[PDB]
Amino acid sequence: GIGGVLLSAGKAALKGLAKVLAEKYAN
């Protein structure tokens, strides 16, 4: 585990960032 790599960077997506997901990443 690191943090802002994809791991807990992903854990944050669970909550909010799965929003930004469809925007940038899922884009």
# chains A, B, ... in the order shown; residues from 1 in each chain; ligands from 1
>>> residues_around(residues="residue 13 of chain A", least_positions_apart="5", cutoff="12 Å", atoms="only C-alpha atoms", output="list in words")
residues 4, 6, 7, 8, 18, 19, 20, 21, 22, 25 and 26 of chain A
>>> select_by_dssp(residues="chain A", states="helix (DSSP H, G or I)", output="PyMOL selection string")
chain A and resi 8-25
>>> write_last_selection(atoms="C-alpha atoms", output="mmCIF file, in the first residue's frame")
data_model
loop_
_atom_site.group_PDB
_atom_site.id
_atom_site.type_symbol
_atom_site.label_atom_id
_atom_site.label_comp_id
_atom_site.auth_asym_id
_atom_site.auth_seq_id
_atom_site.Cartn_x
_atom_site.Cartn_y
_atom_site.Cartn_z
ATOM 1 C CA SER A 8 -6.404 4.087 -1.501
ATOM 2 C CA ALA A 9 -6.638 6.455 -4.344
ATOM 3 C CA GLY A 10 -9.256 3.860 -5.213
ATOM 4 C CA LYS A 11 -10.585 3.615 -1.686
ATOM 5 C CA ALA A 12 -11.457 7.284 -2.054
ATOM 6 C CA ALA A 13 -13.338 6.475 -5.256
ATOM 7 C CA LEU A 14 -15.565 4.094 -3.286
ATOM 8 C CA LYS A 15 -16.847 7.179 -1.591
ATOM 9 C CA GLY A 16 -16.513 10.185 -3.851
ATOM 10 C CA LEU A 17 -13.906 9.806 -6.471
ATOM 11 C CA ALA A 18 -15.772 7.107 -8.354
ATOM 12 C CA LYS A 19 -17.466 10.247 -9.559
ATOM 13 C CA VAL A 20 -14.304 11.686 -11.136
ATOM 14 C CA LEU A 21 -13.701 8.287 -12.372
ATOM 15 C CA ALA A 22 -16.213 8.371 -15.216
ATOM 16 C CA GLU A 23 -14.842 11.745 -16.046
ATOM 17 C CA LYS A 24 -11.116 11.264 -16.377
ATOM 18 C CA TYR A 25 -10.361 7.628 -16.004
#
>>> decode(residues="chain A", atoms="C-alpha atoms", output="mmCIF file, in the first residue's frame")
data_model
loop_
_atom_site.group_PDB
_atom_site.id
_atom_site.type_symbol
_atom_site.label_atom_id
_atom_site.label_comp_id
_atom_site.auth_asym_id
_atom_site.auth_seq_id
_atom_site.Cartn_x
_atom_site.Cartn_y
_atom_site.Cartn_z
ATOM 1 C CA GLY A 1 0.000 0.000 0.000
ATOM 2 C CA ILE A 2 1.131 3.504 -0.869
ATOM 3 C CA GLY A 3 -1.693 5.995 -1.088
ATOM 4 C CA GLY A 4 -2.136 8.180 -4.110
ATOM 5 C CA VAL A 5 -1.141 5.469 -6.539
ATOM 6 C CA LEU A 6 -4.418 3.637 -7.235
ATOM 7 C CA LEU A 7 -4.866 1.701 -4.024
ATOM 8 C CA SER A 8 -6.404 4.087 -1.501
ATOM 9 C CA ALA A 9 -6.638 6.455 -4.344
ATOM 10 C CA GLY A 10 -9.256 3.860 -5.213
ATOM 11 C CA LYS A 11 -10.585 3.615 -1.686
ATOM 12 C CA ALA A 12 -11.457 7.284 -2.054
ATOM 13 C CA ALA A 13 -13.338 6.475 -5.256
ATOM 14 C CA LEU A 14 -15.565 4.094 -3.286
ATOM 15 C CA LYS A 15 -16.847 7.179 -1.591
ATOM 16 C CA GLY A 16 -16.513 10.185 -3.851
ATOM 17 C CA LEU A 17 -13.906 9.806 -6.471
ATOM 18 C CA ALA A 18 -15.772 7.107 -8.354
ATOM 19 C CA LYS A 19 -17.466 10.247 -9.559
ATOM 20 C CA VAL A 20 -14.304 11.686 -11.136
ATOM 21 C CA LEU A 21 -13.701 8.287 -12.372
ATOM 22 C CA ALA A 22 -16.213 8.371 -15.216
ATOM 23 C CA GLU A 23 -14.842 11.745 -16.046
ATOM 24 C CA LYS A 24 -11.116 11.264 -16.377
ATOM 25 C CA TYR A 25 -10.361 7.628 -16.004
ATOM 26 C CA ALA A 26 -13.498 5.911 -17.169
ATOM 27 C CA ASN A 27 -13.564 8.702 -19.718
#
